[PDB]
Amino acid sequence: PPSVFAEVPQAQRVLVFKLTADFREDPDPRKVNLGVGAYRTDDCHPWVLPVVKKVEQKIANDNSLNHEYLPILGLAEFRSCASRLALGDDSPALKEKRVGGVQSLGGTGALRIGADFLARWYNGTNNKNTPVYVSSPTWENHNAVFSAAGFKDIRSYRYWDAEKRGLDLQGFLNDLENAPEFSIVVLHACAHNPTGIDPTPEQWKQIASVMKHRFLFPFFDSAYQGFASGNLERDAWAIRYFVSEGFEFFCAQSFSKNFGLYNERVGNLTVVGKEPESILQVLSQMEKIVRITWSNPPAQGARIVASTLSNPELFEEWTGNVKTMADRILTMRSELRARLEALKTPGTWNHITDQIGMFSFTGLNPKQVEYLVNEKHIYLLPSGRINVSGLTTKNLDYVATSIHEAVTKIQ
């Protein structure tokens, strides 16, 4: 009698995971990991935000708190603070009570329960054939999350232009123009992962024009608000524009990066509708999905975010911490670009500073990446994506020289 698990195969390995394992085992003293999936300081360390440390101390010393179940949809002050952060204090959607918020297990959890809701209630009853459009390329897990919710038809829209090292707007618009009516479109609100290149506001207006015409459902992924540029309002421009254009949409918010709270799993699904009463019905269906997935959400991370966003002094301290990370990212991009151009590297390198956020498509091809990894011990994905916060004052000259060698030696 064989094990009931005897035929269970070994799951496919994750590229990022193996890359970091390879870096860890590398004895070369020049090695650099540009494939970390989180913010790191100039000393290659994690950074707990000072405001988070401060609030955690307050929480630990607050004997009025208990551990009883949160509401299914989550902590009320977190949900309202989170949605207001995305939409702005003066949002007409908030004033008109057309907004709901579901606390979730990070951005991933928000995407999941939103996809589960759409797969049951959107565009008909249990309609799993609604096309879901993701960017080419996109965050690895987008396809997997929507597939897990049951969607049978995941498609891509053109986005990264590898020749221009920038946004292929014409291809993006043409793919949307050919999307079946009511298709779901997964949009990066700001700091596109993995490329770092965002549509400009003028480009967003062209994108919204096609989506409005073909009744496409925007599903925003907002994982980097404030973290991307240091400016919360600017990083929310596209979301707030879609509000004012009258779209109904979902917005999956993560607080993993902009609060540094990765392992407390703090997210919010913001829902924007045309009318207040059906938003309440959406929320009641979201409760059913939550109850059969994680029952109700954890308190610690949401309590930190809610306390920060609702205290004006903590809020201003937080914005300072976020600007510290955004400023470091900005500086590493400027310094890498400057050194590449000083070395007379072929090609253009303004994309390094045109992009925003912690991830950058360098424009290197897989053979050039293989040179960096194998001969220079600089670890990055074959896609050419780097974590810009993996660059430091101490390794910048080595990384820029190695990229110069990769570009000049390898076609």
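Numbers for residues come from their place in the sequence shown, where the first is 1.
The deposited model assigns a higher average Cα B-factor to 274 to 282 than to the other stretch when 274 to 282 and 238 to 246 are compared. Per-stretch averaging of Cα B factors for 88 to 96 and 318 to 326 places 88 to 96 on top. Looking only at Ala228, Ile72, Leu118, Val186, the residue with the top Cα B factor in the deposited structure is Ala228. For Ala162, the recorded CA B-factor ranks within the lowest third of the chain. Only modelled residues enter the ranking.
In the PDB entry, a CA B factor belonging to the highest third of its chain's modelled residues is recorded for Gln10. Ranked within its chain, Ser389 lands in the lowest third, by CA B factor from the PDB record. When the modelled residues of the chain are ordered by C-alpha B-factor, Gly37 sits in the highest third.
In this PDB entry, the Cα temperature factor of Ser80 sits in the top third of its chain's modelled residues, the highest group.
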